[PDB]
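J.: One file: data-v3.cif (mmCIF, C-alpha atoms and all ligand atoms).
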data_data
loop_
_atom_site.label_atom_id
_atom_site.label_comp_id
_atom_site.auth_asym_id
_atom_site.auth_seq_id
_atom_site.Cartn_x
_atom_site.Cartn_y
_atom_site.Cartn_z
CA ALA A 1 52.60 125.92 94.01
CA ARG A 2 53.44 126.64 97.72
CA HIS A 3 52.99 123.04 99.05
CA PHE A 4 53.44 119.38 98.08
CA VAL A 5 51.22 116.53 99.27
CA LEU A 6 52.62 113.66 101.36
CA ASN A 7 51.33 110.04 101.21
CA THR A 8 49.77 110.78 104.70
CA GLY A 9 47.47 113.41 103.04
CA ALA A 10 49.34 116.26 104.84
CA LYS A 11 50.62 119.33 102.94
CA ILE A 12 54.35 120.12 103.25
CA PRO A 13 55.20 123.78 102.48
CA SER A 14 57.60 123.83 99.47
CA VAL A 15 60.08 126.10 101.31
CA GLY A 16 61.33 125.36 104.86
CA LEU A 17 63.87 127.30 106.94
CA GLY A 18 67.08 125.27 107.43
CA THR A 19 68.53 125.51 110.97
CA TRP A 20 71.80 123.57 110.65
CA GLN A 21 74.58 125.95 111.89
CA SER A 22 71.99 128.53 113.07
CA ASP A 23 73.69 129.10 116.47
CA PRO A 24 71.41 129.33 119.55
CA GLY A 25 71.95 133.13 119.80
CA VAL A 26 70.60 133.86 116.24
CA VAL A 27 68.20 130.95 115.38
CA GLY A 28 65.24 132.49 117.32
CA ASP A 29 65.10 135.79 115.36
CA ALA A 30 65.69 133.83 112.08
CA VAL A 31 62.65 131.55 112.76
CA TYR A 32 60.53 134.52 113.99
CA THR A 33 61.44 136.66 110.91
CA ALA A 34 61.04 133.70 108.51
CA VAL A 35 57.46 132.87 109.72
CA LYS A 36 56.46 136.58 109.80
CA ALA A 37 57.75 136.72 106.17
CA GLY A 38 55.45 133.76 105.21
CA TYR A 39 57.52 130.58 105.98
CA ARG A 40 55.30 127.74 107.29
CA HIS A 41 58.03 125.03 107.52
CA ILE A 42 61.08 124.77 109.89
CA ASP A 43 63.63 121.95 109.47
CA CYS A 44 65.21 120.98 112.84
CA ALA A 45 67.36 118.27 114.46
CA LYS A 46 68.44 117.49 118.05
CA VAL A 47 72.02 117.33 116.75
CA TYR A 48 71.82 120.99 115.52
CA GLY A 49 71.96 121.99 119.26
CA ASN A 50 69.33 124.77 118.93
CA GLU A 51 65.86 123.18 119.28
CA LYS A 52 65.22 124.93 122.68
CA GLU A 53 65.79 128.38 121.02
CA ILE A 54 63.60 127.33 118.06
CA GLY A 55 60.88 126.34 120.62
CA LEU A 56 61.17 129.81 122.26
CA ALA A 57 60.70 131.50 118.79
CA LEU A 58 57.67 129.23 117.92
CA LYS A 59 56.14 130.06 121.36
CA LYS A 60 56.60 133.83 120.63
CA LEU A 61 55.02 133.42 117.14
CA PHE A 62 51.99 131.60 118.66
CA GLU A 63 51.65 134.08 121.60
CA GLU A 64 51.79 137.11 119.21
CA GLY A 65 49.23 135.42 116.94
CA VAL A 66 51.53 135.40 113.85
CA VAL A 67 50.39 131.79 113.18
CA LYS A 68 48.66 128.92 114.96
CA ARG A 69 50.40 125.55 115.48
CA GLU A 70 48.28 123.97 112.69
CA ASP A 71 49.66 126.55 110.16
CA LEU A 72 53.31 125.32 110.68
CA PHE A 73 55.19 122.23 109.43
CA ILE A 74 57.94 121.34 111.96
CA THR A 75 60.47 118.57 111.20
CA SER A 76 63.00 116.98 113.52
CA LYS A 77 65.28 113.95 113.19
CA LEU A 78 66.27 110.85 115.19
CA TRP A 79 70.04 110.96 115.74
CA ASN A 80 72.30 107.96 114.94
CA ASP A 81 72.68 107.06 118.68
CA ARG A 82 68.85 106.66 119.23
CA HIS A 83 68.18 103.82 116.73
CA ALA A 84 67.38 101.20 119.45
CA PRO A 85 63.55 100.78 119.23
CA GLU A 86 63.12 101.56 122.95
CA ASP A 87 65.17 104.79 122.43
CA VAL A 88 63.12 106.21 119.47
CA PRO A 89 60.00 107.51 121.34
CA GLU A 90 62.22 108.99 124.13
CA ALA A 91 64.30 110.90 121.50
CA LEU A 92 61.08 112.20 119.85
CA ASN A 93 59.77 113.28 123.31
CA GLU A 94 63.10 115.12 123.97
CA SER A 95 62.65 117.16 120.72
CA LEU A 96 58.91 117.76 121.48
CA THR A 97 59.94 119.05 124.95
CA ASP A 98 62.70 121.36 123.57
CA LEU A 99 60.52 122.65 120.68
CA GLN A 100 57.61 122.93 123.23
CA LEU A 101 55.28 121.16 120.72
CA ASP A 102 52.72 118.38 121.27
CA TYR A 103 53.47 116.81 117.85
CA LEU A 104 55.93 117.07 114.95
CA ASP A 105 54.63 117.26 111.36
CA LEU A 106 57.63 115.02 110.38
CA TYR A 107 60.17 112.87 112.25
CA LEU A 108 62.99 111.42 110.14
CA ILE A 109 65.63 108.76 110.68
CA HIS A 110 68.59 111.18 110.25
CA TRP A 111 70.96 108.57 108.65
CA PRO A 112 70.91 104.85 107.76
CA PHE A 113 73.71 104.70 110.36
CA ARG A 114 73.83 103.74 114.06
CA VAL A 115 76.16 104.26 117.05
CA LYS A 116 75.83 103.14 120.70
CA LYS A 117 73.40 105.25 122.69
CA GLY A 118 75.03 108.34 124.29
CA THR A 119 78.41 107.86 122.56
CA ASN A 120 80.43 110.11 120.24
CA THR A 121 80.98 109.57 116.47
CA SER A 122 84.13 107.32 116.60
CA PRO A 123 84.50 103.92 114.92
CA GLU A 124 84.46 101.76 118.12
CA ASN A 125 80.89 103.11 118.76
CA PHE A 126 79.53 101.91 115.35
CA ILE A 127 76.65 99.37 115.71
CA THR A 128 75.08 97.43 112.75
CA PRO A 129 71.89 99.35 111.80
CA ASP A 130 68.55 97.58 112.31
CA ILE A 131 66.46 99.99 110.15
CA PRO A 132 63.33 97.74 110.22
CA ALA A 133 63.30 97.67 114.08
CA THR A 134 63.98 101.48 114.23
CA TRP A 135 61.22 102.11 111.63
CA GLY A 136 58.85 99.88 113.69
CA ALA A 137 59.39 102.25 116.67
CA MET A 138 58.91 105.27 114.26
CA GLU A 139 55.56 103.70 113.16
CA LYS A 140 54.34 103.60 116.84
CA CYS A 141 55.25 107.36 117.11
CA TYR A 142 53.06 107.85 113.97
CA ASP A 143 50.17 105.73 115.43
CA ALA A 144 50.41 107.96 118.60
CA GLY A 145 50.09 111.15 116.46
CA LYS A 146 53.35 112.43 118.07
CA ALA A 147 54.89 112.37 114.56
CA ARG A 148 52.05 113.09 112.09
CA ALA A 149 54.41 111.91 109.33
CA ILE A 150 57.55 109.76 109.64
CA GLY A 151 60.34 109.52 107.08
CA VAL A 152 64.03 109.01 106.39
CA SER A 153 67.01 111.11 105.36
CA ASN A 154 70.19 110.15 103.45
CA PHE A 155 68.51 106.93 102.14
CA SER A 156 69.53 105.83 98.60
CA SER A 157 66.71 104.57 96.31
CA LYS A 158 67.93 101.01 97.19
CA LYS A 159 67.72 101.54 100.99
CA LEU A 160 64.38 103.45 100.61
CA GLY A 161 62.94 100.49 98.58
CA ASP A 162 64.28 97.92 101.12
CA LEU A 163 62.41 99.87 103.90
CA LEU A 164 59.17 100.41 101.83
CA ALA A 165 58.99 96.57 101.40
CA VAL A 166 58.58 95.99 105.22
CA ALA A 167 56.90 99.31 106.26
CA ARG A 168 53.29 99.25 107.45
CA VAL A 169 53.51 103.11 107.28
CA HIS A 170 55.50 104.11 104.19
CA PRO A 171 58.16 106.83 104.68
CA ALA A 172 56.47 110.15 103.76
CA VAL A 173 59.80 111.86 102.96
CA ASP A 174 63.39 111.04 101.99
CA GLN A 175 65.34 114.24 102.84
CA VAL A 176 68.56 114.22 100.76
CA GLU A 177 71.19 116.56 99.39
CA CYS A 178 69.64 117.96 96.20
CA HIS A 179 70.56 121.10 94.21
CA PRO A 180 71.80 121.96 90.68
CA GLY A 181 75.20 120.31 91.54
CA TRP A 182 73.56 117.04 92.70
CA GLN A 183 70.23 116.54 90.91
CA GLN A 184 69.35 113.03 92.31
CA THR A 185 67.46 111.96 89.13
CA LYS A 186 67.34 108.24 90.14
CA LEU A 187 65.93 108.92 93.63
CA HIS A 188 63.65 111.66 92.18
CA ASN A 189 62.09 109.06 89.82
CA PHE A 190 62.02 106.39 92.57
CA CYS A 191 60.26 108.76 95.04
CA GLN A 192 57.69 109.82 92.30
CA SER A 193 57.03 106.08 91.57
CA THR A 194 56.54 105.10 95.29
CA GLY A 195 54.71 108.32 96.43
CA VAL A 196 57.59 109.28 98.75
CA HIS A 197 58.27 113.05 98.90
CA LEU A 198 61.86 114.25 98.21
CA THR A 199 62.93 117.20 100.40
CA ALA A 200 66.10 118.88 99.15
CA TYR A 201 68.63 119.70 101.93
CA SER A 202 71.62 122.00 101.17
CA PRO A 203 69.59 123.42 98.20
CA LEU A 204 72.15 126.28 97.74
CA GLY A 205 75.01 123.74 98.07
CA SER A 206 75.69 124.90 101.71
CA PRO A 207 78.15 127.70 100.69
CA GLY A 208 78.73 128.52 104.40
CA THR A 209 80.18 124.97 105.02
CA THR A 210 83.77 124.91 103.60
CA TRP A 211 84.33 121.15 104.23
CA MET A 212 81.35 120.49 101.86
CA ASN A 213 83.26 122.19 98.95
CA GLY A 214 79.99 123.60 97.37
CA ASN A 215 80.14 126.02 94.36
CA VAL A 216 76.47 125.84 93.24
CA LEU A 217 75.71 129.62 93.25
CA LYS A 218 78.94 130.27 91.21
CA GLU A 219 77.88 127.79 88.43
CA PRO A 220 77.92 129.61 85.03
CA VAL A 221 74.54 128.01 84.10
CA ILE A 222 72.99 129.35 87.39
CA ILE A 223 74.58 132.83 87.00
CA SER A 224 73.39 132.93 83.32
CA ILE A 225 69.74 131.95 84.09
CA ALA A 226 69.70 134.38 87.09
CA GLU A 227 70.90 137.22 84.81
CA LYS A 228 68.45 136.17 82.03
CA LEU A 229 65.39 136.06 84.42
CA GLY A 230 66.36 139.03 86.71
CA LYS A 231 66.62 136.65 89.74
CA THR A 232 69.49 135.85 92.17
CA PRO A 233 71.54 132.63 91.69
CA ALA A 234 69.92 131.40 95.00
CA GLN A 235 66.42 132.08 93.63
CA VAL A 236 67.29 130.08 90.44
CA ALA A 237 68.74 127.14 92.46
CA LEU A 238 65.63 127.04 94.76
CA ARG A 239 63.08 127.43 91.92
CA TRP A 240 64.80 124.55 89.98
CA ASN A 241 64.18 122.20 92.94
CA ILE A 242 60.56 123.40 93.33
CA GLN A 243 59.90 122.74 89.55
CA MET A 244 61.24 119.14 90.11
CA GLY A 245 58.47 118.73 92.78
CA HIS A 246 60.99 118.91 95.69
CA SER A 247 60.62 120.91 98.90
CA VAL A 248 63.74 123.00 99.70
CA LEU A 249 65.29 123.88 103.12
CA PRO A 250 67.34 127.07 102.48
CA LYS A 251 69.19 128.04 105.69
CA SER A 252 69.62 131.78 106.49
CA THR A 253 69.82 133.97 109.60
CA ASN A 254 69.80 137.12 107.36
CA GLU A 255 66.38 138.83 107.00
CA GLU A 256 66.93 139.92 103.31
CA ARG A 257 68.11 136.41 102.22
CA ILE A 258 65.29 134.76 104.30
CA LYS A 259 62.80 136.85 102.26
CA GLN A 260 64.53 136.26 98.89
CA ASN A 261 64.56 132.46 99.59
CA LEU A 262 60.71 132.48 99.81
CA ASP A 263 60.40 134.54 96.54
CA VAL A 264 60.32 131.36 94.40
CA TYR A 265 56.58 131.00 93.65
CA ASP A 266 55.21 133.76 91.32
CA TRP A 267 57.79 133.18 88.49
CA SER A 268 59.22 130.11 86.65
CA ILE A 269 62.36 128.86 84.86
CA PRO A 270 61.32 128.48 81.19
CA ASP A 271 61.71 124.89 79.79
CA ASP A 272 64.58 126.02 77.51
CA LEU A 273 66.59 127.28 80.52
CA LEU A 274 65.67 124.09 82.52
CA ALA A 275 67.49 122.21 79.66
CA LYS A 276 70.79 124.05 80.62
CA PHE A 277 70.92 122.23 84.07
CA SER A 278 72.33 119.27 81.95
CA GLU A 279 75.63 121.22 81.60
CA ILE A 280 76.28 121.41 85.39
CA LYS A 281 79.02 118.99 86.60
CA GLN A 282 77.53 116.69 89.32
CA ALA A 283 79.27 116.08 92.69
CA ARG A 284 77.85 115.04 96.07
CA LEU A 285 78.96 117.63 98.64
CA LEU A 286 77.89 115.80 101.86
CA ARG A 287 79.65 112.48 101.31
CA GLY A 288 79.47 110.90 104.81
CA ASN A 289 83.31 110.46 104.94
CA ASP A 290 83.17 109.86 108.75
CA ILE A 291 80.75 106.81 108.47
CA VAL A 292 82.61 105.07 105.58
CA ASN A 293 85.29 103.08 107.35
CA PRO A 294 86.52 99.44 107.81
CA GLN A 295 84.65 99.49 111.22
CA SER A 296 81.46 100.67 109.35
CA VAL A 297 78.73 98.58 107.62
CA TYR A 298 79.67 101.02 104.78
CA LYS A 299 83.27 100.08 103.87
CA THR A 300 83.00 102.34 100.72
CA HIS A 301 81.03 105.47 99.61
CA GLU A 302 79.38 103.13 97.00
CA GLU A 303 78.01 100.93 99.85
CA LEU A 304 76.60 103.98 101.75
CA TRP A 305 75.00 105.65 98.67
CA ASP A 306 74.39 102.48 96.53
CA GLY A 307 76.24 103.97 93.48
CA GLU A 308 73.87 106.89 92.70
CA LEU A 309 75.02 109.43 89.98
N1 LIG B 1 71.37 115.15 106.81
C1 LIG B 1 70.36 115.97 106.64
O1 LIG B 1 69.16 115.60 106.65
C2 LIG B 1 70.74 117.38 106.38
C3 LIG B 1 69.82 118.36 106.51
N2 LIG B 1 70.06 119.66 106.16
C4 LIG B 1 68.98 120.69 106.31
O2 LIG B 1 68.99 121.47 105.14
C5 LIG B 1 69.23 122.86 105.48
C6 LIG B 1 69.84 123.60 104.31
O3 LIG B 1 71.13 123.05 104.01
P1 LIG B 1 72.44 123.82 104.55
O4 LIG B 1 73.55 122.85 104.44
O5 LIG B 1 72.15 124.54 105.82
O6 LIG B 1 72.77 124.88 103.40
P2 LIG B 1 72.05 125.79 102.29
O7 LIG B 1 72.29 125.16 100.97
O8 LIG B 1 70.66 126.17 102.71
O9 LIG B 1 72.98 127.09 102.37
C7 LIG B 1 73.05 127.85 103.56
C8 LIG B 1 74.11 128.90 103.36
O10 LIG B 1 73.74 129.78 102.28
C9 LIG B 1 73.64 131.11 102.74
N3 LIG B 1 72.50 131.71 102.06
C10 LIG B 1 71.17 131.56 102.39
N4 LIG B 1 70.38 132.20 101.58
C11 LIG B 1 71.22 132.78 100.63
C12 LIG B 1 70.96 133.57 99.48
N5 LIG B 1 69.74 133.92 99.08
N6 LIG B 1 72.03 133.99 98.75
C13 LIG B 1 73.26 133.62 99.16
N7 LIG B 1 73.62 132.90 100.21
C14 LIG B 1 72.53 132.49 100.92
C15 LIG B 1 73.53 131.05 104.27
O11 LIG B 1 74.14 132.22 104.85
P3 LIG B 1 73.21 133.23 105.70
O12 LIG B 1 72.73 132.50 106.88
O13 LIG B 1 74.20 134.33 106.03
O14 LIG B 1 72.14 133.75 104.81
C16 LIG B 1 74.37 129.82 104.57
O15 LIG B 1 75.76 130.10 104.57
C17 LIG B 1 70.02 122.79 106.78
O16 LIG B 1 70.13 124.03 107.45
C18 LIG B 1 69.23 121.68 107.48
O17 LIG B 1 68.00 122.14 108.04
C19 LIG B 1 71.28 120.00 105.69
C20 LIG B 1 72.23 119.12 105.56
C21 LIG B 1 72.11 117.75 106.04
#
For the structure just supplied, provide its representation as structure tokens.
Ligand SMILES: NC(=O)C1=CN([C@@H]2O[C@H](COP(=O)(O)OP(=O)(O)OC[C@H]3O[C@@H](n4cnc5c(N)ncnc54)[C@H](OP(=O)(O)O)[C@@H]3O)[C@@H](O)[C@H]2O)C=CC1

T.:
Amino acid sequence: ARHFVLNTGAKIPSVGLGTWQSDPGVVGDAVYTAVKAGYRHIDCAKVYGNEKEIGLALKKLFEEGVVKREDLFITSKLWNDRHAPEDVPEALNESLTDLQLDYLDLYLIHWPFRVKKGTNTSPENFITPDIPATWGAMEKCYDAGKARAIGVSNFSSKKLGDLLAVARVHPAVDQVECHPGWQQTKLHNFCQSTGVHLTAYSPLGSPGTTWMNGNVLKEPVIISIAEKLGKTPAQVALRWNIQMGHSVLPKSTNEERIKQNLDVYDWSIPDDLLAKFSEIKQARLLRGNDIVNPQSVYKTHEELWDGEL
């Protein structure tokens, strides 16, 4: 139950440590504690501003013999300013250098969204995406073994299908917002049908991010099932995603929560309680408000997300 299989043949551990908003001063101990506790998957990004400190914690884990490199699944992501095909391998190499790794298990296009190299998120810096050219550069990173799997993030089933149609190396993963509040049934089915793995980001509904407006652990259905099964609301949210065949990326820098977030394997949500997830109102929490704009290729939220419910 503790891994899913990618179209590359690789195993992705079902639970990964999230590192968004894990500040440099705390991320190291979080990664170190998480892997000692049994985590074998770390989700990273250049734009999280902490990959050097993650690299220092991975180095410590390897040097203390907690794990070997081959035991871990490390993900990073190509930021929106590195979409130019010549820029892709250089961005991967920057993350490899900071993480002090020879390869990533997964390198993702972070968003189907592009800005001019080295610029800030601001509408004059928006450039028309060229996802096929960017993917082509991602495929050479895969050929080189520097990214043992390549994938995408924040791609609707429409944009994922458009890319699959021209890919000589299919995306292994589409990492999207997915939790009881945003169940992604269409993309779930699409990913199952195309052999693409769905990794759930913000699987608790990112309760530490106020601008995301998440309420997932306060959902009556979640609190009820938690009370019925003797689990925490977080455990119920995480287990739901795992039973859908999705990997989850719970973020914590708290040792007790890091441990509880891995305790999602030796118990199940009965089918009758799975039925109750129907009653949860659906709302996307990470809407991409800042890349939907008259200056954007996405003039509306519908254009960015292709209408998904
Ligand atoms: N565009 C993309 O591809 C995106 C990727 N991601 C990835 O997904 C990860 C997870 O999503 P994220 O938005 O961070 O949010 P999560 O849904 O993982 O929620 C994290 C928050 O929940 C708290 N928390 C963690 N465990 C528990 C628990 N057992 N009970 C109660 N509260 C808990 C954390 O606090 P504490 O630390 O105190 O435990 C933190 O405030 C990110 O960190 C990142 O790696 C996220 C968003 C976008």

J.: Per residue of chain A within 6 Å of ligand LIG 1 (chain B), note the shortest atom pair and the distance in Å to one decimal, counting only C-alpha atoms and all ligand atoms, and order the rows by chain and increasing residue number, as a tab-separated table.

T.:
residue	atom	partner	partner_atom	distance
A:18	CA	B:LIG1	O16	3.3
A:19	CA	B:LIG1	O16	4.1
A:20	CA	B:LIG1	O16	3.6
A:43	CA	B:LIG1	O17	4.6
A:44	CA	B:LIG1	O17	5.7
A:110	CA	B:LIG1	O1	5.7
A:153	CA	B:LIG1	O1	5.1
A:175	CA	B:LIG1	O1	5.6
A:201	CA	B:LIG1	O2	3.7
A:202	CA	B:LIG1	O3	3.1
A:203	CA	B:LIG1	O7	4.2
A:204	CA	B:LIG1	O7	3.4
A:205	CA	B:LIG1	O7	4.2
A:206	CA	B:LIG1	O6	3.4
A:207	CA	B:LIG1	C8	5.0
A:208	CA	B:LIG1	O15	3.4
A:234	CA	B:LIG1	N5	4.8
A:249	CA	B:LIG1	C5	4.7
A:250	CA	B:LIG1	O8	3.4
A:251	CA	B:LIG1	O8	3.8
A:252	CA	B:LIG1	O12	3.2
A:253	CA	B:LIG1	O12	4.2
A:254	CA	B:LIG1	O14	4.8
A:257	CA	B:LIG1	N5	4.3
A:260	CA	B:LIG1	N5	5.7
A:261	CA	B:LIG1	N5	5.4

J.: Write out the residues from the selection above, keeping C-alpha atoms, as a CSV table (one decimal), in the frame of the given file.

T.:
chain,number,residue,atom,x,y,z
A,18,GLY,CA,67.1,125.3,107.4
A,19,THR,CA,68.5,125.5,111.0
A,20,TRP,CA,71.8,123.6,110.6
A,43,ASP,CA,63.6,122.0,109.5
A,44,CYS,CA,65.2,121.0,112.8
A,110,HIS,CA,68.6,111.2,110.2
A,153,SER,CA,67.0,111.1,105.4
A,175,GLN,CA,65.3,114.2,102.8
A,201,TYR,CA,68.6,119.7,101.9
A,202,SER,CA,71.6,122.0,101.2
A,203,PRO,CA,69.6,123.4,98.2
A,204,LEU,CA,72.2,126.3,97.7
A,205,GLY,CA,75.0,123.7,98.1
A,206,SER,CA,75.7,124.9,101.7
A,207,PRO,CA,78.2,127.7,100.7
A,208,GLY,CA,78.7,128.5,104.4
A,234,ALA,CA,69.9,131.4,95.0
A,249,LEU,CA,65.3,123.9,103.1
A,250,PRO,CA,67.3,127.1,102.5
A,251,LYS,CA,69.2,128.0,105.7
A,252,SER,CA,69.6,131.8,106.5
A,253,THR,CA,69.8,134.0,109.6
A,254,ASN,CA,69.8,137.1,107.4
A,257,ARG,CA,68.1,136.4,102.2
A,260,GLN,CA,64.5,136.3,98.9
A,261,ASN,CA,64.6,132.5,99.6

J.: Write out as a ChimeraX atom specification each polymer residue whose atoms come within 8 Å of stretch 288-303 of chain A, counting only C-alpha atoms; drop sequence neighbours fewer than 5 positions from it.

T.: /A:113,123-124,126,128,308

J.: Give the answer as one residue: which of A:138, A:248, A:187, A:84 has the shortest atom-to-atom distance to residue A:169, using all atoms listed in the file?

T.: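 Of A:138, A:248, A:187, A:84, the one nearest residue A:169 is A:138, counting all atoms listed in the file.
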
J.: Which neighbours of residue A:154 fall inside 9 Å, counting all atoms listed in the file, when residues of the same chain fewer than 3 positions from it are skipped, and could you give them as a PyMOL selection string?

T.: chain A and resi 109-112+174-177+305

J.: Quick one: of A:179, A:116, A:246, A:186, who's nearest to residue A:282, counting only C-alpha atoms?

T.: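 Using only C-alpha atoms, the shortest distance to residue A:282 belongs to A:179.
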
J.: Would you kindly identify which residues have an atom no farther than 8 Å from (79.3, 116.2, 101.7), using all atoms listed in the file and the file's own coordinates, and write them out as a PyMOL selection string?

T.: chain A and resi 211-213+284-289

J.: Between A:255, A:105, A:87, A:227, which has the minimum distance to residue A:71 (counting only C-alpha atoms)?

T.: A:105

J.: Could N, CA and C atoms be built for stretch 218-243 of chain A and written out as a tab-separated table (two decimals), in the coordinates of the input?

T.:
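So the final result, stored in out07.tsv, reads:
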chain	number	residue	atom	x	y	z
A	218	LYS	N	77.90	129.72	92.12
A	218	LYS	CA	78.94	130.27	91.21
A	218	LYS	C	78.89	129.55	89.86
A	219	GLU	N	78.01	128.56	89.69
A	219	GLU	CA	77.88	127.79	88.43
A	219	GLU	C	77.50	128.75	87.30
A	220	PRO	N	78.27	128.77	86.18
A	220	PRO	CA	77.92	129.61	85.03
A	220	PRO	C	76.47	129.50	84.57
A	221	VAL	N	75.94	128.27	84.53
A	221	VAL	CA	74.54	128.01	84.10
A	221	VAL	C	73.60	128.75	85.05
A	222	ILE	N	73.85	128.68	86.36
A	222	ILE	CA	72.99	129.35	87.39
A	222	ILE	C	73.14	130.86	87.20
A	223	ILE	N	74.38	131.36	87.12
A	223	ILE	CA	74.58	132.83	87.00
A	223	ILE	C	73.88	133.29	85.71
A	224	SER	N	74.00	132.54	84.62
A	224	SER	CA	73.39	132.93	83.32
A	224	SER	C	71.87	133.05	83.43
A	225	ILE	N	71.22	132.00	83.96
A	225	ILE	CA	69.74	131.95	84.09
A	225	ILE	C	69.27	133.06	85.03
A	226	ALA	N	69.98	133.28	86.15
A	226	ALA	CA	69.70	134.38	87.09
A	226	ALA	C	69.72	135.71	86.32
A	227	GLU	N	70.74	135.92	85.51
A	227	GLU	CA	70.90	137.22	84.81
A	227	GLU	C	69.77	137.29	83.78
A	228	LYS	N	69.52	136.20	83.07
A	228	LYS	CA	68.45	136.17	82.03
A	228	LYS	C	67.06	136.46	82.62
A	229	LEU	N	66.74	135.92	83.81
A	229	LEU	CA	65.39	136.06	84.42
A	229	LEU	C	65.31	137.21	85.42
A	230	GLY	N	66.38	137.97	85.68
A	230	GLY	CA	66.36	139.03	86.71
A	230	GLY	C	66.14	138.46	88.11
A	231	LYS	N	66.72	137.30	88.40
A	231	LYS	CA	66.62	136.65	89.74
A	231	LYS	C	68.03	136.53	90.31
A	232	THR	N	68.16	136.21	91.60
A	232	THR	CA	69.49	135.85	92.17
A	232	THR	C	69.82	134.40	91.82
A	233	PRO	N	71.13	134.03	91.77
A	233	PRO	CA	71.54	132.63	91.69
A	233	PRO	C	70.81	131.73	92.72
A	234	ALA	N	70.63	132.20	93.97
A	234	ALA	CA	69.92	131.40	95.00
A	234	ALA	C	68.49	131.15	94.54
A	235	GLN	N	67.82	132.21	94.08
A	235	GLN	CA	66.42	132.08	93.63
A	235	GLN	C	66.33	131.02	92.53
A	236	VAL	N	67.27	131.04	91.58
A	236	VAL	CA	67.29	130.08	90.44
A	236	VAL	C	67.50	128.66	90.97
A	237	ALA	N	68.45	128.48	91.88
A	237	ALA	CA	68.74	127.14	92.46
A	237	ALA	C	67.47	126.59	93.16
A	238	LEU	N	66.82	127.42	93.95
A	238	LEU	CA	65.63	127.04	94.76
A	238	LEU	C	64.46	126.71	93.81
A	239	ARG	N	64.22	127.60	92.85
A	239	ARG	CA	63.08	127.43	91.92
A	239	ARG	C	63.26	126.13	91.12
A	240	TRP	N	64.48	125.79	90.73
A	240	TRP	CA	64.80	124.55	89.98
A	240	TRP	C	64.25	123.36	90.76
A	241	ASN	N	64.58	123.32	92.05
A	241	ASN	CA	64.18	122.20	92.94
A	241	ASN	C	62.66	122.16	93.04
A	242	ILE	N	62.03	123.33	93.20
A	242	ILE	CA	60.56	123.40	93.33
A	242	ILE	C	59.91	122.86	92.03
A	243	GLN	N	60.42	123.23	90.86
A	243	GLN	CA	59.90	122.74	89.55
A	243	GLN	C	60.11	121.24	89.38
